[PDB]
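Backbone-built Cβ (ideal geometry, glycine too); neighbour counts: all protein chains shown. The numbers here are math on the coordinates, done by the rules we state, and not lab data.
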Amino acid sequence: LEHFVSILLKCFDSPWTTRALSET
Amino acid sequence: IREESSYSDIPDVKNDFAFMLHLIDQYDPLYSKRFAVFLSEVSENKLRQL
Amino acid sequence: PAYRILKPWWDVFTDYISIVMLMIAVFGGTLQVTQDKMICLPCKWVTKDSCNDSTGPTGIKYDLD
Amino acid sequence: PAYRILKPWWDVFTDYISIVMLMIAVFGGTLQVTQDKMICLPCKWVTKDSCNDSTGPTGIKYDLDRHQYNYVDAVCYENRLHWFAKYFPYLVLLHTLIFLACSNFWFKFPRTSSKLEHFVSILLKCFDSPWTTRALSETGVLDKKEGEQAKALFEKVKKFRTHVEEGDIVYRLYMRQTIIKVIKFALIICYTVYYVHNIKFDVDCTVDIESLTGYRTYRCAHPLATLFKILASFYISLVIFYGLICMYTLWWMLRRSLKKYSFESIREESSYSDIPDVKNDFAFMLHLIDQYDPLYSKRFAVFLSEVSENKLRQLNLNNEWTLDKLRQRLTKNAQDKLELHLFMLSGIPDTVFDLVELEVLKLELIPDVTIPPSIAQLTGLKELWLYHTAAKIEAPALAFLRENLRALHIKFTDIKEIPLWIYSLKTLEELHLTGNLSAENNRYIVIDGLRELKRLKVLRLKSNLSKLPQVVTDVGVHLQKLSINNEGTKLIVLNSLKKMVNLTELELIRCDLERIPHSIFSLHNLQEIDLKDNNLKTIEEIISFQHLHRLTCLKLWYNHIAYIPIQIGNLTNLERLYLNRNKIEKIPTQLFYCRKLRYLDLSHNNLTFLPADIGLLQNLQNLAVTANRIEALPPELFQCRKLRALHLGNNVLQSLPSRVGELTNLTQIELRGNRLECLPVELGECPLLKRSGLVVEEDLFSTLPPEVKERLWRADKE
Amino acid sequence: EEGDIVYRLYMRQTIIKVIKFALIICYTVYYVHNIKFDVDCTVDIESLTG
């Protein structure tokens with residue numbers, strides 16, 4: 001669980017995501 | 001999400017990693033959406049190109 | 001801290017209900033401990049292991065310590 | 001963490017009042033627990049189930065044991081004493097708990113908690129941004145990092161707005177919460193006030209146990225009644241105060257109608273009008289933050305405006321393009337002029353204007369442009385091209401351009417893309433307009449102001465014009481070249497063209513004229529004429545061109561001309577004659593009185609042979625007769641000693657004469673597209689020819705001597 | 001520059017403290033002497049004790 005949530009928060013906090021979502 | 005955002009090449013999830021996603025969905029779907037991007041191989045290909 | 005995300009709403013309600021239950025538990029417990037009384041008296045006339053229930057009035061004397 | 005900002009003042013009062021209520025609740029509870037006494041005695045003489053109330057005095061003797069008093073105490077306490085006096089503090093405690101639950105529910109409920117924490121996180125990281133205080137301060141040069149921070153922040157705000165706009169869950173729950181608090185208030189006031197008077201110090205109780213004691217009635221006393229009475233009064237007072245606060249909150253919320261945030265005050269004050277109003281579930285938050293502190297609303301509002309975003313785009317654009325990168329992107333064009341071509345950007349980078357060598361600027365499909373003063377740095381600017389780009393400008397840059405510009409090109413859809421200031425210019429030498437110059441019932445209003453452009457030497461118009469404008473012929477005092485490409489729309493000339501005495505070159509292109517007008521003969525300075533696409537079949541009128549002594553170039557391609565009139569021999573000053581792509585059947589010999597001709601193009605006509613009189617062009621240098629069916633060349637062709645190029649490819653030549661050896665200055669020759677088997681060796685006799693210049697099929701080329709090919713190899717690299 | 005709220009509240013606060021001070025001094029000193037060790041009380045219950 002702690003490993004999972006660590007992955008999840010660092011994915012949400014990642015900078016590439018907002019670009020990847022903005023491209024649509 | 002794969003129909004909406006047009007990242008079709010993500011398989012369905014198997015046991016013990018789906019359940020976690022259901023829970024996070026019950027809390028907030030947004031984290032599921034933000035997490036779903038990395039599963040796609042198109043993401044890896046595009047980042048390689050970039 | 002971070003495990004807030006895991007808990008769904010129903011787990012939260014269960015938690016607070018458990019707190020309330022524990023509260024009343026502790027209260028009843030200490031209340032029992034601090035006074036633990038029962039008050040008994042005898043019954044002079046008996047009918048089938050029960051009370052017959054049969055110049056001003058006067059108090060009754062049982063002659064007990 | 002920092003949810004203090006969310007809570008309004010009334011919420012604060014509710015919180016602390018709840019703490020006080022809980023305090024008195026706990027106190028009354030522990031007091032009840034730690035002593036729980038009532039003191040009973042019997043009553044000897046009874047009258048109507050009550051006491052008759054009828055040598056020193058003496059004490060009364062009841063003959064009871066100490067424990068029996070406790071028994072009767074418990075009995076009269078259980079039965080006849082009233083329940084409210086027993087269970088007051090417990091009830092109060094319960095009520096306080098359920099108040100607090102209603103208070104903190106919408107924080108602890110996750111579906112809304114996520115939206116709230118996400119919202120406040122965005123708000124605090126927006127408030128802490130530096131560009132916000134700059135943008136508000138405005139009412140230079142910036143870091144690459146913070147620019148990207150701001151851009152990412154904008155898009156975050158946008159997706160967040162899109163995400164919150166639909167929900168409308170928080171408002172509903174807060175509504176339900178307030179309503180619950182109010183109805184519960186009313187209920188507790190009701191029964192509390194109804195039952196409070198029942199508390200009493202003294203109580204008479206008749207319990208009906210004779211066997212155990214032998215007494216009927218009892219009189220009893222309850223010491224704590226007074227204290228609970230005052231606590232209850234104090235309690236209901238606090239509760240009243242609480243409920244009045246809640247009622248005020250309710251009235252405010254239902255009156256104000258918060259689903260739409262009006263927002264008008266800041267946009268009127270700070271003059272940022274292009275912000276829409278807000279819809280449900282994102283307006284409510286702003287109302288709350290307004291109740292806390294109006295400043296955060298203003299600090300947050302800036303990102304909603306698109307003007308702020310456009311300005312930020314301009315700033316990143318000025319930040320990004322470095323000078324060294326632009327220098328390598330520049331181009332030196334065909335006229336040895338340094339040019340830059342840009343298209344489809346958000347504006348003009350300010351770094352452009354430090355490229356001091358620039359001479360031509362081109363702007364294509366860029367919206368809302370304003371020319372900055374730094375354009376005064378481009379001391380060598382000569383041309384500006386504005387393709388579908390309206391441009392504002394202020395006086396300093398305007399004056400610089402008035403004094404330092406030679407040409408202006410405009411491509412436009414309609415008047416809105418025409419800068420009004422162009423007619424206040426004074427040094428312009430060329431104007432080029434692409435688009436319809438007219439509007440309904442307003443013909444040529446767009447160009448009425450041309451009269452102020454007193455130095456224009458060339459005007460070209462491609463505007464689908466029905467007539468020649470009066471203003472053109474009015475400006476014809478100094479104009480030297482006028483060119484109209486009408487794309488087959490019929491042009492009306494009507495006697496105005498005769499004023500243009502200074503005209504030296506005229507092109508009336510694709511005007512469906514069908515006959516050369518006679519006004520042209522008064523234009524005694526004409527040097528060149530082009531009559532593209534006028535369906536010309538006979539050109540006899542050229543006889544009166546004999547008075548145009550500098551006429552050197554006549555361009556009559558793609559017409560239906562059947563023959564060349566004989567009077568061409570009187571045009572002795574001709575240097576260029578193009579009659580290609582026509583229906584010409586023969587060549588008059590009189591053409592060869594034009595002994596100063598250099599260029600003659602008769603390709604794509606119906607010529608079978610070349611007359612011997614071609615030997616008379618003593619000044620001929622280049623010649624194309626391409627794509628006719630000429631079988632062989634006359635010998636007299638080689639009397640033209642000055643030939644340098646002969647384009648004869650894609651004909652049906654069967655042999656190439658040896659006398660090609662005599663063409664000393666030949667560097668380019670077409671023989672391709674023939675059914676030749678070999679080539680004549682005498683092609684090697686041409687000194688200035690190179691392998692790249694001998695334009696022929698490779699298999700035919702191979703037939704030449706190896707020595708020639710070696711000399712061609714030497715010739716190339718030398 | 002426009003507000004002038006803090007001064008008003010601090011003013012009202014001080015005034016409330018002072019008037020409340022005066023009131024408590026008043027009734028406290030007026031009633032303090034009434035506390036005593038010994039008391040005589042006539043309650044009028046003959047029936048219960050005589």
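Using a basic spin-label model with each label point 7 Å from the Cα along Cα→Cβ, how many nm lie between D:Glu268 and D:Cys102?
Spacing of the two 7 Å Cα→Cβ label points: 3.8 nm.
Going by how many other Cβ atoms sit within 10 Å of their own, how do E:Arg8, D:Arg313 line up, fewest first?
Values: E:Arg8 10, D:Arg313 16.
Arranged by neighbour count, lowest to highest, E:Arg8, D:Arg313 become E:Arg8, D:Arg313.
Out of every Cα pair in chain C, what percent are spaced more than 20 Å from each other? Please list the in-between numbers first.
Values: 1388 of 2080 pairs.
Tail of P(r) above 20 Å: 67 percent of Cα pairs.
Can you report the principal axis dimensions of the range D:456-561 using only the alpha carbons, biggest first, rounded to whole angstrom?
The principal-axis extents, from largest down, are 35, 32, 20 Å.
Between D:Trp252 and D:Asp53, take the C-beta separation as r, use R0 = 41 Å, and let me know the FRET efficiency to the nearest 0.05.
On the way: r = 59 Å, r/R0 = 1.44.
My answer for the efficiency is 0.10.
Can you work out ³J(HN,Hα) from phi for every residue in the range D:422-433, in order, using Karplus 6.51 cos²θ - 1.76 cosθ + 1.60 and θ = phi - 60°, giving whole Hz and x for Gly and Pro?
My calculation for the range D:422-433 gives 4, 6, 8, 8, 9, 9, 5, 10, 9, 10, 10, 10 Hz in order.
Once you average over the residues of C:38-45, how many Cβ atoms of partner chains fall within 10 Å of each Cβ?
Numbers: counts 1, 8, 2, 10, 1, 2, 2, 1.
Averaged over the peptide's residues, the number is 3.
Just how large is the dipole of the range D:15-100 about the Cα centre, in debye to the nearest 20, putting +1 at every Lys and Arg Cβ and -1 at every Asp and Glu Cβ?
On the way: 7 positive and 8 negative charges, 35 e Å.
Once rounded to the nearest 20, the dipole reads 160 debye.
Using 7 Å Cα-to-Cβ label points, what is the D:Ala632/C:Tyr16 separation (nm, one decimal)?
Calculated label separation equals 11.4 nm.
For the range D:40-81, divide the Cα radius of gyration by the Kirkwood radius and give the resulting Rg/Rh value with two decimals.
Details: Rg = 13.1 Å, Rh = 12.5 Å.
Taking Rg over the Kirkwood Rh, I get 1.05.
Can you give the three extents of the C-alpha atoms in the range D:442-486 along their principal axes, from longest to shortest, in whole Å?
Largest first, the range D:442-486 extends 25, 21, 12 Å along its Cα principal axes.
Which value results when the Cα radius of gyration for the range D:503-611 is divided by 2.2 N^0.38 Å? Intermediate results must be reported in sequence, preceding the final value.
Numbers: Rg = 13.1 Å, N = 109, 2.2 N^0.38 = 13.1 Å.
Computed over Cα atoms of the range D:503-611, the ratio equals 1.00.
Stokes-Einstein D for the range D:165-245 at 4 °C, 1.567 mPa s, Kirkwood Rh over Cα pairs, in µm²/s?
Values: Rh = 16.7 Å.
Rounded to a whole number, D works out at 78 µm²/s.
Two-decimal Rg/Rh of the range D:650-705 from alpha-carbon positions, Kirkwood Rh? Write out the running numbers ahead of the final one.
Working: Rg = 10.4 Å, Rh = 11.4 Å.
Ratio of gyration radius to Kirkwood radius: 0.91.
Between C:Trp9 and C:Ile39, what FRET efficiency follows from the Cβ-Cβ distance if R0 is 60 Å, with the result rounded to 0.05?
Details: r = 48 Å, r/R0 = 0.81.
In this case the efficiency is close to 0.80.
Using the Karplus curve 6.51 cos²θ - 1.76 cosθ + 1.60 with θ = phi - 60°, work out ³J(HN,Hα) for each residue of the range D:328-335 in order, rounded to whole Hz, and write x for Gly and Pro.
Residue by residue, the range D:328-335 yields 6, 7, 4, 9, 8, 8, 5, 8 Hz.
Take peptide C:4-15, look around each residue's Cβ out to 10 angstrom, count Cβ atoms belonging to other protein chains, and average those counts.
On the way: counts 5, 11, 8, 4, 6, 7, 1, 2, 4, 2, 0, 1.
What the average comes to for C:4-15 is 4.
Please report the spacing between the Cα centers of the range B:18-50 and the range D:341-369 in Å, no decimals.
Here the answer is 42 Å between Cα centres.
Considering the convex hull of the alpha carbon atoms of the protein assembly as shown, report its projected area averaged over all viewing directions, in nm², one decimal. Intermediate results must be reported in sequence, preceding the final value.
On the way: hull surface 290.4 nm².
With every direction weighted equally, the projected area is 72.6 nm².
Using 0.36 nm per residue, how much length does the chain from D:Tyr593 to D:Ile566 gain when fully extended, once their Cα-Cα distance is taken away?
Numbers: separation 27, 0.36 × 27 = 9.72 nm, distance 1.07 nm.
Extra length from D:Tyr593 to D:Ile566 when fully extended: 8.7 nm.
Assuming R0 = 45 Å, can you tell me the calculated FRET efficiency for the pair D:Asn404 and D:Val493, based on Cβ-Cβ distance, to the nearest 0.05? Each step should come with its number before you reach the end.
Working: r = 36 Å, r/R0 = 0.81.
Result of the calculation: an efficiency of 0.80.
Check D:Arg80: other-chain or 5+ apart residues with amide H under 5 Å from its amide H, H built from backbone geometry?
Those lying under 5 Å, H to H, from D:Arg80: there are none.
What whole-number volume per residue, in cubic angstrom, does the convex hull of the C-alpha atoms of the range D:407-456 give? Each step should come with its number before you reach the end.
On the way: hull volume 3.4 nm³, N = 50.
Enclosed volume per residue, from the Cα hull, is 69 Å³.
Per Stokes-Einstein, at 37 °C and 0.692 mPa s, what whole-number D in µm² s⁻¹ belongs to the range D:178-314, with the Kirkwood radius over Cα pairs as the hydrodynamic radius? Intermediate values should be presented prior to the final figure.
Details: Rh = 20.9 Å.
Here the translational diffusion coefficient equals 157 µm²/s.
Sorting D:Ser211, D:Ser463, D:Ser271 on the 10 Å Cβ count, fewest up front, what's the list?
Ranking D:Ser211, D:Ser463, D:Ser271 by Cβ neighbours within 10 Å, fewest first, gives D:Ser271, D:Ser211, D:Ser463.
What ranking of D:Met21, C:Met23 emerges when the number of other C-beta atoms within 10 Å of each C-beta is taken as an exposure proxy, fewest first? Provide the component values of the computation, followed by the final result.
Working: D:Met21 21, C:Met23 11.
In increasing order of surrounding Cβ atoms, one gets C:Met23, D:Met21.
Contour minus end-to-end for D:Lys709 and D:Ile445, with contour as 0.36 nm per residue of separation and end-to-end as the Cα-Cα distance? The partial results should precede the final answer.
Working: separation 264, 0.36 × 264 = 95.04 nm, distance 6.65 nm.
Extra length available between D:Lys709 and D:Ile445 comes to 88.4 nm.
How much mean residue ellipticity at 222 nm does chain D get from its helices, if each DSSP H run of length 4 or more adds -39500 (n - 2.57) and you divide by all residues, to the nearest 500 deg cm²/dmol? Spell out each step's value before the answer.
Details: 17 runs with 248 residues, N = 718.
So the calculated ellipticity at 222 nm is -11000 deg cm²/dmol.
Dividing the convex hull volume of the Cα atoms of the range D:569-637 by its residue count, what figure in Å³ per residue is obtained?
77
When only alpha-carbon atoms count, how far does the range D:424-514 stretch along each of its three principal axes, as whole angstroms with the largest first?
35, 30, 21
List, in order, the whole-Hz ³J(HN,Hα) value for each residue of the range D:170-176 obtained from phi through the Karplus relation with A = 6.51, B = -1.76, C = 1.60 and θ = phi - 60°; use x for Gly and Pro.
5, 4, 5, 6, 4, 4, 4
Out of all DSSP beta bridges with both ends in the protein assembly as shown, state the antiparallel percent to the nearest 5. Each step should come with its number before you reach the end.
Working: 15 of 76 bridges.
Just about 20 percent of them are antiparallel.
In the range D:371-426, if every C-alpha pair distance is counted and binned at 5 Å from zero, what percent goes to each bin?
In whole percents, the pair-distance histogram is 4, 19, 30, 28, 14, 4, 0.
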